[PDB]
Every structure is written in structure tokens, then in C-alpha cells.
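Notes for the one structure printed next.
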Amino acid sequence: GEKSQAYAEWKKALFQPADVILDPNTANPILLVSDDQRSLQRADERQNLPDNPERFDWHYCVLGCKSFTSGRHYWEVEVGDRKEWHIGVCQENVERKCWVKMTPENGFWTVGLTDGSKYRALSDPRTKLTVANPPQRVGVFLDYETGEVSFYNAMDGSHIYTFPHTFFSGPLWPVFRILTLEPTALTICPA
């Protein structure tokens with residue numbers, strides 16, 4: 001209650017609430033972006049889509065519709081009871097076609113879940129997270145100037161992970177990744 005309230009007030013003191021919608025033109029051909037562009041699901045197989053340059057052809061990734069070149073931004077994602085997901089930010093210049101490892105070195109700052117219970121930061125090497133209360137809703141917090149990407153349990157204000165401070169190159173995009181075919185979608189919370 002107090003921890004929720006402190007979490008709400010910290011977001012207001014410091015971070016601009018981003019209104020994030022998914023760009024279907026970036027989505028891997030196995031992903032479905034909802035008609036309202038807030039939700040993501042996976043298909044049984046690749047659907048037939050143009051291989052336009054911005055689309056992720058290998059990684060099961062999709063980007064937001066707007067980038068960040070400066071400032072403090074947050075958005076929250078309802079991951080619900082999904083067994084698998086990764087979210088965060090990536091540089092505009094990430095490899096979209098060939099495989100690259102999703103690491104900060106390759107322009108990806110993401111954390112997530114595998115096999116229902118394995119929380120990880122996709123640092124290199126990967127960081128094993130210990131999470132006492134598994135989140136249904138995750139806040140993604142960006143500070144462009146200080147090279148800061150951090151993640152919170154948006155329901156109880158508990159911290160999940162902060163990447164080492166870095167230097168970003170060029171615009172950052174919200175990025176979302178699902179590998180599994182399971183009943184719960186990934187849904188962005190509007191601003």
C-alpha cells in the first residue's frame with residue numbers, strides 16, 4: 001500500500017509515462033500484434049509477411065512505434081501468468097535478419113522468464129535473478145543520459161534488475177519477445 005504509493009510517486013517525480021504501441025511492421029512473422037497494438041501472441045508457424053528491412057526475421061521480437069533519444073521514460077507490461085517472455089529496449093541499429101545474441105554488446109537490454117520459474121537478465125553472461133514474488137506486471141524504466149535500464153514489479157514496487165550503466169548509441173526502441181505458444185498474451189498498459 002505504502003510501497004505501491006512510493007512506487008507511483010517515484011514514477012511521477014522522475015519518469016515520463018510512455019504510451020507504447022507495437023509496430024506490426026517490425027514483428028517477426030510468427031508474432032501476432034493485436035488490432036489495438038497493445039498485445040502480442042505467437043502463431044503455430046510463420047505467417048506470410050513482407051520481409052521489409054525493419055522486421056525481425058530470426059528473433060521472435062517486435063518494437064514499439066516510437067523511439068527515445070533522450071530523457072527518462074517508463075512503461076508497464078502485463079506479463080500475467082505467462083511461462084516465458086522478455087522485454088526491454090534495443091538500439092535502432094540492432095541486427096534484424098541474421099541471429100545475434102540478445103546482449104547489451106549487440107544493442108539489447110532485456111530481462112524475462114523461461115520455463116515458468118527461471119528469471120534472467122540477458123546480460124553476457126546471463127544474470128540469474130532471484131524473485132520472491134513473481135510479477136504479473138513489470139515496469140521498464142529508461143534514463144537515456146545515464147545509460148540506465150531498470151525493471152520493477154509494478155504491483156508491489158519491488159525492484160527486479162538494473163543493467164550496468166552504459167552508453168547508448170542512437171535511438172532506443174521498446175522491444176518485446178515471446179518464444180512460446182501459450183494462452184496468456186503479453187499486454188502493454190497504456191499511459
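In the condition set (1) under 13 Å from the mean Cα position of the chain (by Cα); (2) touching a residue at least 40 places away in the same chain (Cβ under 8 Å), residue 104 is compliant with all but (1).
Are any residues in the range 51-81 charged (D, E, K, R) and touching a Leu at 6+ places or on another chain (Cβ under 6 Å), and if so, which ones?
Of all residues in the range 51-81, those charged (D, E, K, R) come to 51, 54-55, 57, 66, 72, 76, 78, 81.
72, the sole residue that qualifies.
Taking the range 59-102 as the range and being of a type in the set (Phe, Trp, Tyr), out of contact with any helix residue (DSSP H, G or I) (no Cβ under 7 Å at 6 or more places or on another chain) and assigned to a strand (DSSP E or B) as the test, the residues that pass are 68, 75, 85.
Of the residues screened, residue 40 is one that is within 15 Å of the chain's Cα centre (by Cα), in a strand (DSSP E or B) and surrounded by 12 or more Cβ atoms within 10 Å (Cβ to Cβ). Scanning the range 106-164 for residues that are charged (D, E, K, R) and touching a helix residue (DSSP H, G or I) at 6+ places or on another chain (Cβ under 9 Å) returns 124, 143, 156. Only one of the listed residues (133, 153) is under 14 Å from the mean Cα position of the chain (by Cα) and over 23 Å from residue 59 (Cα atoms). That residue is 153.
Checking the conditions here, which among 104, 24, 50 is surrounded by 16 or more Cβ atoms within 10 Å (Cβ to Cβ) and over 26 Å from residue 152 (Cβ atoms)?
24
Table: residues versus (1) farther than 23 Å from residue 62 by Cβ; (2) small (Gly, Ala, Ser); (3) touching a strand residue (DSSP E or B) at 6+ places or on another chain (Cβ under 6 Å).
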| site | (1), (2), (3) |
| --- | --- |
| 125 | yes, no, no |
| 141 | no, no, yes |
| 145 | yes, no, no |
| 160 | no, no, yes |
| 177 | no, no, yes |
| 185 | no, yes, yes |
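Whether any residue in the range 104-121 is farther than 21 Å from residue 63 by Cα and part of a strand (DSSP E or B) is what I want to check. Step through it out loud before you land on a result.
Going residue by residue through the range 104-121, those that are farther than 21 Å from residue 63 by Cα are 115-119.
Filter once more, keeping what is part of a strand (DSSP E or B): 118-119.
Scanning the range 104-121 turns up at least one residue that is farther than 21 Å from residue 63 by Cα and part of a strand (DSSP E or B).
One residue stands out among those in the range 1-20 that are within 15 Å of the chain's Cα centre (by Cα) and surrounded by 17 or more Cβ atoms within 10 Å (Cβ to Cβ): the one that is nearest to residue 143 (Cα to Cα), which is 18.
One residue is enough: does the range 15-23 have a residue meeting the conditions among the charged types (D, E, K, R), part of a loop (DSSP other than H, G, I, E, B) and over 19 Å from residue 109 (Cα atoms)? Yes: the range 15-23 contains one or more residues that are among the charged types (D, E, K, R), part of a loop (DSSP other than H, G, I, E, B) and over 19 Å from residue 109 (Cα atoms). Among the residues making up the range 159-183, those that are over 16 Å from the mean Cα position of the chain (by Cα), over 19 Å from residue 120 (Cβ atoms) and in contact (Cβ under 8 Å) with a residue 24 or more places away in the chain are 168, 169, 170, 181. Taken residue by residue, the range 146-168 has no member that is farther than 18 Å from residue 19 by Cα, part of a helix (DSSP H, G or I) and either out of contact with any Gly (no Cβ under 9 Å at 6 or more places or on another chain) or of a type in the set (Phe, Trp, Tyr) (or both).
Right, residue 131: on the phi < 0 side of the Ramachandran plot, surrounded by 17 or more Cβ atoms within 10 Å (Cβ to Cβ) and either among the β-branched types (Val, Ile, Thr) or without any contact (Cβ under 8 Å) to a residue 60 or more places away in the chain (or both) or not? Steps first, answer last, please.
Details: on the phi < 0 side of the Ramachandran plot: yes; surrounded by 17 or more Cβ atoms within 10 Å (Cβ to Cβ): no; either among the β-branched types (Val, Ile, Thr) or without any contact (Cβ under 8 Å) to a residue 60 or more places away in the chain (or both): yes.
So residue 131 fails the test.
Every residue, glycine among them, receives a Cβ derived from its backbone with ideal geometry; neighbour counts consider all protein chains shown. The numbers here are math on the coordinates, done by the rules we state, and not lab data.
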